[PDB]
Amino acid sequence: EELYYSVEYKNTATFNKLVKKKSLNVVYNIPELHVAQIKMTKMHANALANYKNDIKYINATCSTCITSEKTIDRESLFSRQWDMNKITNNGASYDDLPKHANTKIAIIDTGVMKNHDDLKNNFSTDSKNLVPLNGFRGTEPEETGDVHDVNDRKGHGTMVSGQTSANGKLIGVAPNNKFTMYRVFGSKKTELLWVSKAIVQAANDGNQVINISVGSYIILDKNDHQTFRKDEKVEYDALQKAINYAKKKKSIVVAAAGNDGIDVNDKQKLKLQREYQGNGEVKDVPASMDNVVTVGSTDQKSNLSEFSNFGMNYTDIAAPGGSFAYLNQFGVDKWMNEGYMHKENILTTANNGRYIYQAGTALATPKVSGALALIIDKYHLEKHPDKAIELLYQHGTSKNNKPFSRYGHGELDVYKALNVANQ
């Protein structure tokens, strides 16, 4: 039987010549990162590893590494956006939006309902599909591989897009900015290599803010210097390199903290997310990677959400993503018949053309991406993205002495970020 292997090669020309020689079935490729995915028997994988001149590393593509998203519709009544009110001084910052909304926000996710009334004006036709023909491990025969197909099957990407860009009945953080969707999910799982390719594409398409509202726990064993490996180094290195490539193109990567309420500095707890007893470590990625704005989630009381991961040398900032504390406490019947979803959940755009109440770090993250786009445009920082990040942290966070280990630089404050001239 054949398995899917992640491969990091050394040279395009020599790798291509090797592919011809052995008739390797390459199922995905990312030339900018010298990484490809090959379907082959375990024996041919071992053999392929002996070509030290053309092959750097090889590892089986991780099956159970990506964390599952949440789109379950547990709605009809349309309430107010308490979460936006918390970061805009109760709507006062909408009067301070830049006149020229030039920055484009890329969103790497499940797709988007491009004709949603609140999202259509801001949807960019640069949007692209990174899901390959036949989808995940070739088990989705309905995935044509059509580069223009970014329709949202799962519903998550539409939720995220509303937070950055709704401009109608719902209002996102950057309602005048264009957003670009890079679809990396069909109807099943995604592959971190697709996410990596999406990052490269988003950067090449000139999106100065790149939002990744999904994450995974990956196994990395730095002590192992072998070519054929048991960890997931190819995926780890590819993702980190894509992020650094984005940085090189002057794009900012914003990622969601994991949604397991874990202190990422507690090794025992991280390893438990992959039931890993090996030598290496489990890492929350891309949240913990270099050059990533790591976003945690807060609730309606400005406290860290019970599901938000956090930690020293991890969390950079926090924004409202909601909570299920009332639900988990009282049960669905009392929670629902008594309208608690209107108090602790985030109201957002849904792929049915209407709206949905949800919660998660995936809904906090786009608020920060939107804020960065506003900062870049307000202060004309296109040529100096690091200055936009610095401004976000210094002037785009409320000062309430929240511990840095849980909230990073603080809770997002868009009104403050847009009023630096005011002093």
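Position 1 is the first residue in the sequence shown; the rest follow in order.
In terms of unmodelled positions of the deposited sequence, the stretch from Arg74 to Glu75 in this entry skips 1 to 3 residues. Mean CA temperature factor is higher for 333 to 341 when stretches 296 to 304 and 333 to 341 are set side by side in the entry. Stretches 380 to 388 and 360 to 368 differ in mean C-alpha B factor, with the higher average recorded for 380 to 388. Per the deposited record, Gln226 carries the highest C-alpha B-factor of all listed residues (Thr180, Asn115, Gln226, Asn204). Ranking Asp263, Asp260, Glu142, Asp290 by Cα temperature factor from the entry places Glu142 first. When the CA B factors of the chain's modelled residues are split into thirds, the value for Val420 lands in the middle one. Per-chain ranking of the deposited C-alpha B factor places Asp152 in the middle third. In this PDB entry, the Cα temperature factor of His395 sits in the bottom third of its chain's modelled residues, the lowest group. Sort the chain's modelled residues by C-alpha temperature factor and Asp95 lands in the middle third, per the entry. Ranked by Cα temperature factor within the chain, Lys128 sits in the middle third according to the deposited record.
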